[PDB]
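Residue numbers (the entry's author numbering), protein chains in the order written: chain A, 6 to 55; chain A', 6 to 55. A prime marks a further copy of an entry chain. Cβ atoms here follow ideal geometry from the backbone N, Cα and C, with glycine treated the same way. Below is one structure; the comments refer to it alone.
Now the structure itself:
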């Protein structure tokens, strides 16, 4: 199934640099990750194999 | 730019459940995340806004 997490906080976001975000997975687990530029609190990201 | 991380270790993987993995982002940072079922060490995942 799809692995998605909601952006809870943007912790550190330099210009032209991907931010550090704290995200919450659908099981309720919260973790720090790197997320694409432009993401904001309340957005959702997917972790997908490439 | 794209945010990708290489799967370094599968820490916990129940059947029919997404595994806990330790991944390494392109800047060298390592973090625990949830990754899709079927991912194995050496695969690459992308974090993408949906």
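Legend entry - Residues within the stretch 19-53 of chain A neighbouring chain A', beta-carbon criterion of under 8 Å: 23, 30, 32, 34, 36, 37, 38, 39, 40, 41, 42, 43, 44, 48, 49, 50, 51, 52 and 53
Legend entry - Where residue 46/A falls, given that 16 or more other Cβ within 10 Å makes a residue buried: As a working note, residue 46/A is residue 41 in the first chain. Residue 46/A should be labelled exposed.
Legend entry - At least three beta-carbon pairs within less than 8 Å, the stretch 22-36 of chain A' to the stretch 30-50 of chain A: yes
Legend entry - Selection from 32/A', 25/A' and 52/A' that minimises the alpha carbon distance to residue 43/A': As a working note, residue 43/A' is residue 38 in the second chain. Residue 43/A' has its Cα closest to that of 25/A', out of 32/A', 25/A' and 52/A'.
Inset, instruction - State the DSSP-derived secondary structure class of residue 28/A, mapped to helix, strand or coil. - result: Numbered from 1 along the first chain, position 23 holds the residue referred to as residue 28/A. Here residue 28/A sits in strand by DSSP.
Legend entry - Nearest neighbour of residue 20/A', chosen from 55/A, 51/A and 6/A [CA to CA]: Translated into the one-based positions of the second chain, residue 20/A' becomes position 15. The shortest C-alpha separation from residue 20/A' is found at 6/A.
Inset, instruction - Look up residue 10/A in the DSSP assignment and give the residues it is bridged to. - result: Sequence index remark: in the first chain, residue 10/A carries index 5 (1-based). Its beta-bridge partners are 30/A and 50/A.
Inset, instruction - Going by CA-CA distance only, name the one from 54/A', 50/A', 28/A' and 52/A' that's closest to residue 16/A'. - result: Residue mapping note: residue 16/A' aligns to position 11 of the second chain, counting from 1. Comparing Cα-Cα distances from residue 16/A' to each of 54/A', 50/A', 28/A' and 52/A', the minimum goes to 28/A'.
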